[PDB]
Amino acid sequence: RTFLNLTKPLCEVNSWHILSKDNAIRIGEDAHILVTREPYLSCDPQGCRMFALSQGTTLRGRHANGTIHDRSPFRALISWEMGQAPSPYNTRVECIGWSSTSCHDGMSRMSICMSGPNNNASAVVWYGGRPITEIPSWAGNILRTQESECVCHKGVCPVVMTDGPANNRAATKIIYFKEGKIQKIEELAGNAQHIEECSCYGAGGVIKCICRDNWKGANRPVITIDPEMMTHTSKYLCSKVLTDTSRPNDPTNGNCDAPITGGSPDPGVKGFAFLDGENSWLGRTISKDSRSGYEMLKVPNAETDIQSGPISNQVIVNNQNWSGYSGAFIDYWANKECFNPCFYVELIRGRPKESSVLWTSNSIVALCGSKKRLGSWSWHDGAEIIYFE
């Protein structure tokens, strides 16, 4: 056991293979499955786990009614063995709250959750399963964070947090942790105009966080973090291939340093990309308006070229099925000379798009890169809504 160092480059990726799928809604139709949303996966030296914000009720329970609501005193971050569906019997409570992140540094796991009222939230930072630090809201408006895993290097794990408006300038900070203790706090710098729900990974000693601009941009903000110097820079993804949801049609040219407006009717969704020159892949919903479908697009130089377009594609979820948030993770402890990109897609079921039921929940699908040319099919949730009526 030692601290993880981000000493390896990203593996070449040409295709995406299936890693895990929990079929939670299908199973939760009759088994005791907790309602969730905002899932992800995170790994450690022993393997990978799935994570999500429980709503403190089962899917078939009468308390599933009303779970469209994002914040309550009944939510908590829970983790479970990858592949299983989350039940009250197989899940570990990482922390209490309604927004979270988590990562392993090679020694222990840090987990963070925000809870409390809108104008007075606080974060609690846990390490090795114990509470270490507490951070009060600094802008009095829903202190909140990534909703996917953080990334560590030589013991130092940066985390992106925001507090302030969802539709206006907000106060974002990069907080650098070691064993759950604050090493440094920076205010967000650079040209990104709004930051939410960053999806982050590391490679070659560099951490990149592709985030959600909920205020103006249909293009995604990118923050580049040096976890050794504990400094960062920010801007937008340059590609004309817009990846936020509710975006206009892709334009002739993207914009590296300003948001591209437009889209209807959603201001944003969590998402991700892996940016590695020619070896760059962008995820997005297939629908430009809604959280339906999901596609991976290989867009060489998407980080630096406003003219970059797709040279290959892979449908992860067809546009006849619902998707949701998407984010990045990597099994940094794999026995490979490169760090292989993985991602998950949250498959939201229920409200508001399916209003024949009273609840909102999701299942999870996750895939990682392949150098091979693999065939594919749609990994939709798979549940029949009529069965819940």
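In case it trips you up, residue 1 is the first one in the sequence shown, and so on.
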{"item": "Higher-B stretch (mean Cα B-factor, as the entry records it), 197 to 205 or 244 to 252", "value": "244 to 252"}
{"item": "262 to 270 or 279 to 287, whichever carries the higher mean Cα B-factor", "value": "262 to 270"}
{"item": "Of the residues 326, 320, 55, 362, the one carrying the largest Cα B-factor as recorded", "value": "320"}
{"item": "Most elevated Cα B-factor in the entry, residues 144, 212, 75, 298", "value": "298"}
{"item": "Third of chain Cα B-factors occupied by residue 358", "value": "highest"}
{"item": "Chain third (lowest, middle, highest) by recorded CA B-factor, residue given as residue 50", "value": "lowest"}
{"item": "Residue 311 by Cα B-factor - lowest, middle or highest third of the modelled chain", "value": "highest"}
{"item": "Chain third (lowest, middle, highest) by recorded CA B-factor, residue given as residue 168", "value": "highest"}
{"item": "Within-chain third of residue 149 by Cα B-factor, per the entry", "value": "lowest"}
